[PDB]
Amino acid sequence: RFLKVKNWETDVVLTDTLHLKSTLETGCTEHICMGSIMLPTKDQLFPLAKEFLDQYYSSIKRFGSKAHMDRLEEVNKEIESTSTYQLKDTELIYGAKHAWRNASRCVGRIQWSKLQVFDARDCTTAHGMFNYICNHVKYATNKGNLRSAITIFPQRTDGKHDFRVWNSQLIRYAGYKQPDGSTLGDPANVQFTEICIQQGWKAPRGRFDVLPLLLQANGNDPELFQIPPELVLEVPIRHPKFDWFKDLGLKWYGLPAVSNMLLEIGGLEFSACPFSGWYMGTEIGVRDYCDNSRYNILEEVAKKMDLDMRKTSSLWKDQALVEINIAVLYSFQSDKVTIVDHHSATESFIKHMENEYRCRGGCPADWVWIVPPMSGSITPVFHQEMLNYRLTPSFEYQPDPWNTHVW
Amino acid sequence: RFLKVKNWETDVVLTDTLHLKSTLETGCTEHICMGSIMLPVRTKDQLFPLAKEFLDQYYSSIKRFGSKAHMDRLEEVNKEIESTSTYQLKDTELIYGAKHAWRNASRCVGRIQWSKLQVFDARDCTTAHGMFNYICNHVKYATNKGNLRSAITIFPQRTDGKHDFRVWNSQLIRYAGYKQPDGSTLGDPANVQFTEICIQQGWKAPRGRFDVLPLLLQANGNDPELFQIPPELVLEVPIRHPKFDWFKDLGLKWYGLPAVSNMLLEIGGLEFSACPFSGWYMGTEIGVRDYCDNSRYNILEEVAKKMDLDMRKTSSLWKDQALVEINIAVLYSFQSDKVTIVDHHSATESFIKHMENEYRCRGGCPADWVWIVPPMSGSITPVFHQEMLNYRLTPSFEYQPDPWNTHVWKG
Ligand code: HEM
Ligand code: HEM
Ligand SMILES: CC(C)SCCC(=N)NCCC[C@H](N)C(=O)O
Ligand SMILES: CC(C)SCCC(=N)NCCC[C@H](N)C(=O)O
Ligand SMILES: C[C@H](O)[C@H](O)[C@H]1CNc2nc(N)[nH]c(=O)c2N1
Ligand SMILES: C[C@H](O)[C@H](O)[C@H]1CNc2nc(N)[nH]c(=O)c2N1
Ligand SMILES: [Zn+2]
């Protein structure tokens with residue numbers, strides 16, 4: 001029932017009780033651990049609503065008050081009558097912040113209570129969606145002083161009138177298959193790029209082309225819009241010691257904005273809920289630049305550094321990796337665009353875990369995602385035991401719309 | 001039922017059926033995953049089923065399932081259990097069992113090598129001096145003057161739990177740690193408590209930064225006895241860097257033979273509480289963990305000082321820079337002295353090939369991602385991108401409590 005987690009570097013032990021409140025399932029069983037797998041009615045809704053309102057009223061220290069009991073009755077009445085219900089602004093803000101608080105894969109949660117929530121439930125068209133999104137982008141970017149934000153579109157109804165952003169992130173680069181057999185741009189986005197073309201986008205067919213938005217309102221066919229270029233803050237990548245680095249022609253965008261997830265609050269489903277914070281440097285320099293299935297630039301960089309690439313044991317990949325990551329952080333810092341390094345980010349997360357343990361009784365965390373993709377054991381999270389479990393409100397994965405949409 | 005795992009770099013999808021043979025539990029439930037938790041006498045009643053599954057497995061491995069020889073062995077084991085409360089493994093079954101415990105070790109990246117294990121049968125051992133002799137022979141054989149060979153030595157199994165064979169050392173070869181009155185540590189901080197025990201047992205400590213610890217050996221539930229491994233049997237490597245000439249003056253060395261001595265081997269219900277085993281190092285074990293953990297030798301600052309990196313801000317990645325240089329040094333030093341070592345790129349690439357071959361031939365390969373992914377440069381190794389299923393197969397290696405916590409002192 002009560003569970004201990006130990007830090008093997010500091011010997012600090014913490015007791016988790018919060019997991020007992022957990023509801024959804026992990027994918028694991030007593031016989032098999034699925035810890036490293038990427039993706040493991042009216043009757044249904046009222047318990048979900050109650051569970052949520054109970055935690056909301058508890059949080060404002062008004063549990064079992066007249067105002068508490070009155071809202072539960074009102075929501076039950078609305079469900080019985082409409083088969084759904086509407087959240088108060090206060091409940092929406094609370095729910096969104098707590099979905100982030102509960103995000104077991106997010107290292108940046110120390111920030112969870114400073115989220116600017118943009119209520120877009122009055123939106124009816126793709127043009128309106130585009131307007132809301134440009135405003136989100138400009139607010140969050142803040143000329144490089146980035147601010148966390150989420151924009152929340154109308155909830156699911158009968159399931160044939162879904163709002164969706166087809167893009168995986170608001171800002172991403174195009175990918176094109178070449179007659180060469182190679183890939184131009186970002187190979188992760190080839191399929192989405194093709195969907196854009198088949199829908200009518202004229203592509204510049206370059207290495208770093210900001211994709212258009214493909215927005216779906218009210219279960220209608222999705223529509224294309226180019227984000228005003230002046231709202232997309234980008235960063236040229238240079239190195240503080242290697243003058244040749246700029247010749248590689250690398251750039252990245254300042255605003256990481258996940259747009260393909262589903263926000264669940266009190267049983268209600270927000271299928272369009274783009275949200276954004278700011279980058280941890282490794283996301284760009286380790287993953288986006290060095291994954292073999294991504295920009296895969298390790299080979300080119302190592303060559304310019306004149307390292308011995310004859311044998312893996314020279315650690316040439318490891319040397320180049322570090323340099324690429326130094327350059328990303330240096331470039332963002334020099335252009336005054338918010339970025340956090342993996343040492344600072346994991347250090348703050350340890351402090352956050354301890355806050356959550358004493359103030360809340362625990363913190364769900366997925367070690368496989370929390371530990372940075374480079375220099376794992378020299379960050380304090382490596383040595384920290386974590387318990388992973390699913391609390392609601394939550395951000396969830398959902399299938400890509402092109403597999404699902406009825407045209 | 002079939003379970004699928006995907007590699008997100010290659011899109012290669014594999015199907016696991018082997019998990020259906022898993023009996024032991026994980027620590028996880030449908031409501032909690034304990035995937036990152038480090039540590040999450042039998043009755044005749046429980047013993048014969050365990051013996052039976054094992055012998056059915058052994059007899060299938062040799063293509064003799066249901067044979068007269070298989071059936072006669074079952075009956076023989078059965079009768080021996082009801083008569084004596086336990087049983088003895090044939091040499092062939094012992095070898096198969098020890099190899100399979102390695103094959104089944106989900107935290108081990110080196111498993112491509114599982115079928116090449118030299119098994120030394122030490123079940124006729126009776127005394128601590130006997131144990132010492134067996135362990136010296138293991139060390140000499142495994143070391144092989146730098147050309148390391150995997151080996152395990154197997155002492156007599158548990159009987160009533162009052163007559164246990166134990167090696168009190170956590171590894172056969174490790175360096176002493178000494179806590180000083182000013183709170184600093186001399187040597188390896190991981191071994192402070194064990195060093196304190198050795199000293200109290202009468203070990204005369206040299207008190208340097210790399211003093212090889214004595215063996216503390218318990219035979220037959222008796223109080224443990226101290227022994228010094230002959231220095232000439234302990235192969236060591238001075239650490240230097242290919243381009244940095246000041247690196248040698250750090251005064252660093254490490255031993256060549258990594259030999260875990262504190263685990264328990266379970267085969268067919270039988271418990272071998274002293275079963276030291278050894279392979280060879282992956283460089284990051286020494287360069288990342290042993291040298292750079294804050295709770296170990298903690299050399300990152302001193303190395304980064306000497307390199308003249310910008311140390312005032314973590315975002316210069318000074319720690320990451322120093323980390324790579326140290327790890328280059330460890331591999332360079334071992335290679336130069338012709339002592340077996342494997343880099344983390346080579347080892348992970350070989351593990352993926354092993355894992356795929358195991359899916360094809362065995363129907364699965366239990367693997368613990370948290371342990372398999374190296375402690376530096378995670379995502380530039382292929383294992384990071386590989387989904388894995390963790391489950392527990394027998395024969396297996398298991399943790400057991402440290403013996404100073406459980407031993408009944410005789411005096
Ligand atoms: C403010 C600074 C933030 C930092 C430094 C940060 C850090 C990170 C990192 C490094 C990841 C792993 C991403 C990957 O590997 O693809 C992540 C994932 C995630 N973050 Fe955060 N984050 C921040 C803000 C936010 C916000 C504002 C939200 C929601 C309101 C959020 C929710 C999530 C979720 C749900 C995931 C998992 C996404 C997935 O499974 O792909 N984060 N975060
Ligand atoms: C042949 C070369 C081998 C290599 C390169 C290798 C590599 C490794 C590494 C890097 C680890 C993680 C160690 C740590 O972080 O402390 C490990 C763990 C382990 N290995 Fe291997 N290994 C080898 C041979 C063996 C052998 C011969 C056995 C037994 C017969 C074995 C069984 C295990 C077990 C049980 C663990 C988990 C240890 C624990 O939980 O503390 N390995 N191996
Ligand atoms: C938006 C939430 C998921 S986390 C806040 C932003 C962020 N730090 N990253 C988002 C993921 C970006 C991706 N890894 C990339 O490298 O492009
Ligand atoms: C003996 C099995 C567990 S694996 C075969 C040897 C090995 N490669 N490592 C053993 C652990 C060494 C420890 N990490 C150290 O850094 O001293
Ligand atoms: C197979 C494995 O689960 C997968 O590669 C994971 C590992 N850890 C990760 N960690 C983060 N933060 N982001 C990721 O995309 C991944 N990928
Ligand atoms: C808490 C966490 O599980 C612990 O630090 C683990 C992480 N992964 C590891 N992986 C290996 N190979 N060896 C280790 O000691 C550890 N330590
Ligand atoms: Zn699990």
# chains A, B, ... in the order shown; residues from 1 in each chain; ligands from 1

call {"tool": "residues_near_ligand", "arguments": {"ligand": "ligand 2", "cutoff": "6 Å", "atoms": "only C-alpha atoms and all ligand atoms", "output": "list in words"}}
result
residues 102, 105, 107, 108, 109, 110, 113, 150, 151, 277, 278, 279, 280, 281, 282 and 397 of chain B

call {"tool": "residues_around", "arguments": {"residues": "residue B:115", "least_positions_apart": "5", "cutoff": "10 Å", "atoms": "only C-alpha atoms", "output": "list in words"}}
result
residues 95, 96, 98, 99, 100, 102, 103 and 150 of chain B

call {"tool": "write_last_selection", "arguments": {"atoms": "N, CA, C and O atoms", "output": "compact mmCIF listing (two decimals), in the first residue's frame"}}
result
# COMPACT_ATOMS: atom_id res chain seq x y z
N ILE B 95 25.79 -27.24 -15.39
CA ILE B 95 26.36 -26.42 -16.46
C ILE B 95 25.24 -25.73 -17.24
O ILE B 95 25.30 -24.53 -17.46
N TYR B 96 24.24 -26.51 -17.66
CA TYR B 96 23.07 -26.01 -18.35
C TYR B 96 22.37 -24.96 -17.51
O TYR B 96 21.98 -23.91 -18.03
N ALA B 98 23.55 -22.99 -15.03
CA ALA B 98 24.35 -21.78 -14.82
C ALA B 98 24.37 -20.93 -16.12
O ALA B 98 24.16 -19.72 -16.10
N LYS B 99 24.54 -21.59 -17.28
CA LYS B 99 24.44 -20.92 -18.55
C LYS B 99 23.07 -20.26 -18.72
O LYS B 99 22.99 -19.09 -19.16
N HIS B 100 22.00 -20.99 -18.38
CA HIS B 100 20.65 -20.42 -18.54
C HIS B 100 20.31 -19.28 -17.61
O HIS B 100 19.56 -18.39 -18.01
N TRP B 102 22.45 -17.06 -16.83
CA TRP B 102 23.07 -15.94 -17.51
C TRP B 102 22.17 -15.50 -18.69
O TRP B 102 21.78 -14.35 -18.76
N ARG B 103 21.83 -16.44 -19.56
CA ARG B 103 20.89 -16.21 -20.67
C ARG B 103 19.65 -15.46 -20.23
O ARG B 103 19.18 -14.59 -20.95
N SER B 150 35.03 -15.82 -19.60
CA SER B 150 33.88 -15.87 -18.69
C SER B 150 33.91 -17.13 -17.86
O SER B 150 34.14 -18.23 -18.38

call {"tool": "closest_residue", "arguments": {"among": "B:27, B:181, B:221, B:206", "to": "residue A:31", "atoms": "only C-alpha atoms"}}
result
B:27

call {"tool": "residues_near_ligand", "arguments": {"ligand": "ligand 7", "cutoff": "6 Å", "atoms": "only C-alpha atoms and all ligand atoms", "output": "list in words"}}
result
residues 28, 33, 34 and 35 of chain A; 28, 33, 34 and 35 of chain B

call {"tool": "interface_residues", "arguments": {"of": "chain A", "to": "chain B", "cutoff": "6 Å", "atoms": "only C-alpha atoms", "output": "PyMOL selection string"}}
result
chain A and resi 9+25-26+28-37+293+313+341+373-377+385+387-389

call {"tool": "residues_around", "arguments": {"residues": "residue B:352", "least_positions_apart": "3", "cutoff": "9 Å", "atoms": "only C-alpha atoms", "output": "list in words"}}
result
residues 347, 348, 349, 355, 356, 357, 382, 383 and 386 of chain B

call {"tool": "write_last_selection", "arguments": {"atoms": "N, CA and C atoms", "output": "short mmCIF file (atom, residue, chain, number, x, y, z; two decimals), in the first residue's frame"}}
result
data_model
loop_
_atom_site.label_atom_id
_atom_site.label_comp_id
_atom_site.auth_asym_id
_atom_site.auth_seq_id
_atom_site.Cartn_x
_atom_site.Cartn_y
_atom_site.Cartn_z
N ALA B 347 29.10 -3.09 -27.59
CA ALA B 347 28.32 -3.96 -26.70
C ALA B 347 26.82 -3.90 -26.91
N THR B 348 26.30 -2.70 -27.16
CA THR B 348 24.86 -2.53 -27.41
C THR B 348 24.44 -3.04 -28.78
N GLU B 349 25.28 -2.79 -29.79
CA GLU B 349 25.04 -3.32 -31.13
C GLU B 349 25.00 -4.84 -31.11
N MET B 355 19.51 -10.20 -29.21
CA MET B 355 18.10 -10.07 -28.87
C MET B 355 17.21 -10.51 -30.03
N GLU B 356 17.54 -10.09 -31.25
CA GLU B 356 16.78 -10.49 -32.43
C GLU B 356 16.88 -12.00 -32.69
N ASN B 357 18.09 -12.55 -32.58
CA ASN B 357 18.32 -14.00 -32.72
C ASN B 357 17.54 -14.82 -31.68
N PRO B 382 21.94 1.83 -30.07
CA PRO B 382 20.68 1.29 -30.64
C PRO B 382 19.69 0.78 -29.60
N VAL B 383 20.17 0.41 -28.42
CA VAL B 383 19.29 -0.08 -27.35
C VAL B 383 18.24 0.94 -26.84
N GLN B 386 15.04 0.69 -28.67
CA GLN B 386 14.48 -0.64 -28.68
C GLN B 386 13.52 -0.84 -27.52
#

call {"tool": "residues_near_ligand", "arguments": {"ligand": "ligand 3", "cutoff": "7 Å", "atoms": "only C-alpha atoms and all ligand atoms", "output": "number ranges by chain"}}
result
A: 106, 256-258, 275-280, 283-284, 287-288

call {"tool": "residues_around", "arguments": {"residues": "stretch 296-311 of chain A", "least_positions_apart": "4", "cutoff": "9 Å", "atoms": "only C-alpha atoms", "output": "mmCIF file with N, CA and C atoms, in the first residue's frame"}}
result
data_model
loop_
_atom_site.group_PDB
_atom_site.id
_atom_site.type_symbol
_atom_site.label_atom_id
_atom_site.label_comp_id
_atom_site.auth_asym_id
_atom_site.auth_seq_id
_atom_site.Cartn_x
_atom_site.Cartn_y
_atom_site.Cartn_z
ATOM 1 N N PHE A 242 34.266 26.551 -32.339
ATOM 2 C CA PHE A 242 34.475 26.111 -33.722
ATOM 3 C C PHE A 242 33.792 27.030 -34.741
ATOM 4 N N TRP A 244 33.888 26.865 -37.944
ATOM 5 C CA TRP A 244 33.289 26.125 -39.072
ATOM 6 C C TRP A 244 31.841 25.644 -38.844
ATOM 7 N N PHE A 245 31.408 25.541 -37.587
ATOM 8 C CA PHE A 245 30.081 24.965 -37.267
ATOM 9 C C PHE A 245 28.898 25.600 -38.042
ATOM 10 N N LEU A 248 27.573 24.267 -41.597
ATOM 11 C CA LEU A 248 26.675 23.111 -41.664
ATOM 12 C C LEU A 248 25.257 23.516 -42.068
ATOM 13 N N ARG A 287 18.551 14.378 -29.902
ATOM 14 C CA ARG A 287 17.481 13.630 -30.573
ATOM 15 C C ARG A 287 17.210 14.128 -32.006
ATOM 16 N N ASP A 288 16.889 15.421 -32.145
ATOM 17 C CA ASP A 288 16.509 15.976 -33.450
ATOM 18 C C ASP A 288 17.673 15.955 -34.433
ATOM 19 N N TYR A 289 18.880 16.250 -33.941
ATOM 20 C CA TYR A 289 20.072 16.303 -34.812
ATOM 21 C C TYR A 289 20.782 14.962 -35.015
ATOM 22 N N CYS A 290 20.776 14.103 -33.989
ATOM 23 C CA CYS A 290 21.629 12.895 -34.008
ATOM 24 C C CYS A 290 20.959 11.526 -34.115
ATOM 25 N N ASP A 291 19.655 11.439 -33.832
ATOM 26 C CA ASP A 291 18.956 10.190 -34.139
ATOM 27 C C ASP A 291 19.265 9.815 -35.600
ATOM 28 N N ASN A 292 19.515 8.535 -35.831
ATOM 29 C CA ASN A 292 19.681 8.041 -37.192
ATOM 30 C C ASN A 292 18.461 8.225 -38.073
ATOM 31 N N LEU A 315 35.425 6.734 -29.236
ATOM 32 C CA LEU A 315 34.277 7.545 -28.808
ATOM 33 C C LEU A 315 34.071 8.834 -29.610
ATOM 34 N N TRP A 316 34.299 8.770 -30.925
ATOM 35 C CA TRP A 316 34.114 9.929 -31.805
ATOM 36 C C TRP A 316 32.647 10.388 -31.844
ATOM 37 N N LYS A 317 31.714 9.430 -31.834
ATOM 38 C CA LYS A 317 30.298 9.772 -31.788
ATOM 39 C C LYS A 317 30.018 10.542 -30.523
ATOM 40 N N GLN A 319 32.137 12.333 -28.653
ATOM 41 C CA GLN A 319 32.783 13.650 -28.663
ATOM 42 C C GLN A 319 31.971 14.644 -29.464
ATOM 43 N N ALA A 320 31.632 14.272 -30.699
ATOM 44 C CA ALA A 320 30.785 15.103 -31.553
ATOM 45 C C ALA A 320 29.433 15.410 -30.889
ATOM 46 N N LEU A 321 28.839 14.420 -30.217
ATOM 47 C CA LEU A 321 27.548 14.636 -29.562
ATOM 48 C C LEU A 321 27.628 15.791 -28.572
ATOM 49 N N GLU A 323 29.759 18.301 -28.439
ATOM 50 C CA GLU A 323 29.979 19.578 -29.130
ATOM 51 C C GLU A 323 28.701 20.133 -29.750
ATOM 52 N N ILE A 324 27.937 19.262 -30.415
ATOM 53 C CA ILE A 324 26.658 19.631 -31.020
ATOM 54 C C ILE A 324 25.735 20.221 -29.948
#

call {"tool": "residues_around", "arguments": {"residues": "residue A:123", "least_positions_apart": "5", "cutoff": "12 Å", "atoms": "only C-alpha atoms", "output": "mmCIF file with N, CA, C and O atoms, in the first residue's frame"}}
result
data_model
loop_
_atom_site.group_PDB
_atom_site.id
_atom_site.type_symbol
_atom_site.label_atom_id
_atom_site.label_comp_id
_atom_site.auth_asym_id
_atom_site.auth_seq_id
_atom_site.Cartn_x
_atom_site.Cartn_y
_atom_site.Cartn_z
ATOM 1 N N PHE A 118 -5.588 29.371 -22.317
ATOM 2 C CA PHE A 118 -6.398 30.119 -23.255
ATOM 3 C C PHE A 118 -7.609 29.291 -23.585
ATOM 4 O O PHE A 118 -7.483 28.206 -24.136
ATOM 5 N N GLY A 128 -10.932 30.326 -37.210
ATOM 6 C CA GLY A 128 -10.918 30.729 -35.788
ATOM 7 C C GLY A 128 -9.785 30.028 -35.052
ATOM 8 O O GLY A 128 -9.035 30.660 -34.289
ATOM 9 N N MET A 129 -9.644 28.729 -35.310
ATOM 10 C CA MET A 129 -8.550 27.909 -34.778
ATOM 11 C C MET A 129 -7.191 28.487 -35.141
ATOM 12 O O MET A 129 -6.309 28.623 -34.286
ATOM 13 N N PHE A 130 -7.023 28.838 -36.410
ATOM 14 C CA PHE A 130 -5.801 29.486 -36.847
ATOM 15 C C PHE A 130 -5.531 30.786 -36.069
ATOM 16 O O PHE A 130 -4.403 30.997 -35.615
ATOM 17 N N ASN A 131 -6.556 31.632 -35.903
ATOM 18 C CA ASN A 131 -6.433 32.876 -35.106
ATOM 19 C C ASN A 131 -5.966 32.614 -33.661
ATOM 20 O O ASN A 131 -4.997 33.212 -33.195
ATOM 21 N N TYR A 132 -6.654 31.708 -32.969
ATOM 22 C CA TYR A 132 -6.273 31.269 -31.619
ATOM 23 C C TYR A 132 -4.819 30.762 -31.541
ATOM 24 O O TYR A 132 -4.075 31.087 -30.590
ATOM 25 N N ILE A 133 -4.410 30.012 -32.557
ATOM 26 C CA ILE A 133 -3.072 29.411 -32.562
ATOM 27 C C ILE A 133 -1.985 30.459 -32.787
ATOM 28 O O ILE A 133 -0.960 30.415 -32.113
ATOM 29 N N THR A 151 -3.851 26.154 -25.299
ATOM 30 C CA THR A 151 -5.063 26.679 -25.904
ATOM 31 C C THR A 151 -6.012 25.495 -26.064
ATOM 32 O O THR A 151 -5.639 24.481 -26.665
ATOM 33 N N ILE A 152 -7.220 25.637 -25.520
ATOM 34 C CA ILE A 152 -8.156 24.523 -25.414
ATOM 35 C C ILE A 152 -9.398 24.732 -26.292
ATOM 36 O O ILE A 152 -10.216 25.599 -26.038
ATOM 37 N N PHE A 153 -9.519 23.901 -27.318
ATOM 38 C CA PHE A 153 -10.651 23.924 -28.235
ATOM 39 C C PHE A 153 -11.860 23.134 -27.709
ATOM 40 O O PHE A 153 -11.731 22.453 -26.689
ATOM 41 N N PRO A 154 -13.042 23.253 -28.364
ATOM 42 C CA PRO A 154 -14.247 22.600 -27.843
ATOM 43 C C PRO A 154 -14.102 21.089 -27.619
ATOM 44 O O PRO A 154 -13.429 20.390 -28.397
ATOM 45 N N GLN A 155 -14.723 20.603 -26.550
ATOM 46 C CA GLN A 155 -14.620 19.177 -26.184
ATOM 47 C C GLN A 155 -15.305 18.261 -27.189
ATOM 48 O O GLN A 155 -16.102 18.708 -27.997
ATOM 49 N N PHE A 163 -12.622 18.488 -32.948
ATOM 50 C CA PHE A 163 -11.583 19.454 -33.295
ATOM 51 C C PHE A 163 -10.227 18.747 -33.203
ATOM 52 O O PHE A 163 -9.977 17.995 -32.245
ATOM 53 N N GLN A 216 -8.579 21.017 -38.306
ATOM 54 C CA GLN A 216 -9.887 20.405 -38.423
ATOM 55 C C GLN A 216 -10.824 20.912 -37.332
ATOM 56 O O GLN A 216 -10.566 20.731 -36.135
ATOM 57 N N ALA A 217 -11.915 21.532 -37.759
ATOM 58 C CA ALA A 217 -12.920 22.085 -36.871
ATOM 59 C C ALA A 217 -14.216 21.318 -37.037
ATOM 60 O O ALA A 217 -14.676 21.113 -38.158
ATOM 61 N N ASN A 218 -14.795 20.904 -35.914
ATOM 62 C CA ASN A 218 -16.146 20.360 -35.889
ATOM 63 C C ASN A 218 -16.306 19.123 -36.768
ATOM 64 O O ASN A 218 -17.338 18.928 -37.413
ATOM 65 N N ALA A 272 -8.254 18.722 -29.160
ATOM 66 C CA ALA A 272 -7.392 19.789 -29.676
ATOM 67 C C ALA A 272 -7.048 20.706 -28.531
ATOM 68 O O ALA A 272 -7.898 21.494 -28.053
#

call {"tool": "select_by_dssp", "arguments": {"residues": "stretch 137-173 of chain B", "states": "strand (DSSP E or B)", "output": "PyMOL selection string"}}
result
chain B and resi 151-154+166-167+171

call {"tool": "residues_around", "arguments": {"residues": "residue B:394", "least_positions_apart": "4", "cutoff": "8 Å", "atoms": "only C-alpha atoms", "output": "VMD selection string"}}
result
chain B and resid 22 54 100 to 101 104 266 to 268

call {"tool": "write_last_selection", "arguments": {"atoms": "C-alpha atoms", "output": "PDB file, in the first residue's frame"}}
result
ATOM      1  CA  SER B  22       7.441 -16.774 -16.760  1.00  0.00           C
ATOM      2  CA  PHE B  54      13.762 -27.513 -14.737  1.00  0.00           C
ATOM      3  CA  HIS B 100      20.655 -20.422 -18.537  1.00  0.00           C
ATOM      4  CA  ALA B 101      20.701 -18.158 -15.509  1.00  0.00           C
ATOM      5  CA  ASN B 104      17.917 -15.200 -18.493  1.00  0.00           C
ATOM      6  CA  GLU B 266      18.640 -20.679  -8.492  1.00  0.00           C
ATOM      7  CA  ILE B 267      18.466 -23.897 -10.530  1.00  0.00           C
ATOM      8  CA  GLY B 268      15.451 -26.246 -10.221  1.00  0.00           C
TER       9      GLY B 268
END

call {"tool": "residues_around", "arguments": {"residues": "residue A:268", "least_positions_apart": "4", "cutoff": "12 Å", "atoms": "only C-alpha atoms", "output": "MDAnalysis selection string"}}
result
chainID A and resid 41:42 44:49 52 79 83:87 91:92 95:96 154:159 262:264 392:395

call {"tool": "write_last_selection", "arguments": {"atoms": "C-alpha atoms", "output": "PDB file, in the first residue's frame"}}
result
ATOM      1  CA  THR A  41     -21.975   6.974 -22.184  1.00  0.00           C
ATOM      2  CA  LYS A  42     -23.989   8.777 -19.496  1.00  0.00           C
ATOM      3  CA  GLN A  44     -19.479   6.312 -17.554  1.00  0.00           C
ATOM      4  CA  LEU A  45     -19.348  10.102 -17.223  1.00  0.00           C
ATOM      5  CA  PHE A  46     -20.868  10.940 -13.815  1.00  0.00           C
ATOM      6  CA  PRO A  47     -18.360   9.003 -11.644  1.00  0.00           C
ATOM      7  CA  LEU A  48     -15.612  10.717 -13.651  1.00  0.00           C
ATOM      8  CA  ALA A  49     -17.188  14.171 -13.110  1.00  0.00           C
ATOM      9  CA  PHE A  52     -12.853  15.498 -10.555  1.00  0.00           C
ATOM     10  CA  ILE A  79     -25.452  14.997 -17.765  1.00  0.00           C
ATOM     11  CA  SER A  83     -25.404  13.487 -22.057  1.00  0.00           C
ATOM     12  CA  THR A  84     -22.436  15.797 -21.344  1.00  0.00           C
ATOM     13  CA  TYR A  85     -21.556  18.898 -19.257  1.00  0.00           C
ATOM     14  CA  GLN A  86     -19.562  22.132 -19.374  1.00  0.00           C
ATOM     15  CA  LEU A  87     -16.645  23.068 -17.089  1.00  0.00           C
ATOM     16  CA  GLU A  91     -12.389  24.074 -13.285  1.00  0.00           C
ATOM     17  CA  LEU A  92     -10.846  24.244 -16.760  1.00  0.00           C
ATOM     18  CA  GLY A  95      -7.821  20.694 -14.804  1.00  0.00           C
ATOM     19  CA  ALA A  96      -5.249  21.852 -17.368  1.00  0.00           C
ATOM     20  CA  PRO A 154     -14.247  22.600 -27.843  1.00  0.00           C
ATOM     21  CA  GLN A 155     -14.620  19.177 -26.184  1.00  0.00           C
ATOM     22  CA  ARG A 156     -15.648  15.947 -27.932  1.00  0.00           C
ATOM     23  CA  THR A 157     -19.414  15.531 -28.363  1.00  0.00           C
ATOM     24  CA  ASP A 158     -20.687  12.499 -30.331  1.00  0.00           C
ATOM     25  CA  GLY A 159     -17.229  11.833 -31.780  1.00  0.00           C
ATOM     26  CA  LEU A 262      -5.828  14.676 -25.859  1.00  0.00           C
ATOM     27  CA  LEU A 263      -6.602  16.455 -22.560  1.00  0.00           C
ATOM     28  CA  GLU A 264      -9.054  14.568 -20.311  1.00  0.00           C
ATOM     29  CA  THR A 392      -6.387  12.177 -14.011  1.00  0.00           C
ATOM     30  CA  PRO A 393      -6.693  14.946 -15.364  1.00  0.00           C
ATOM     31  CA  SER A 394      -4.171  13.745 -17.943  1.00  0.00           C
ATOM     32  CA  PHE A 395      -2.638  14.247 -21.349  1.00  0.00           C
TER      33      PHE A 395
END
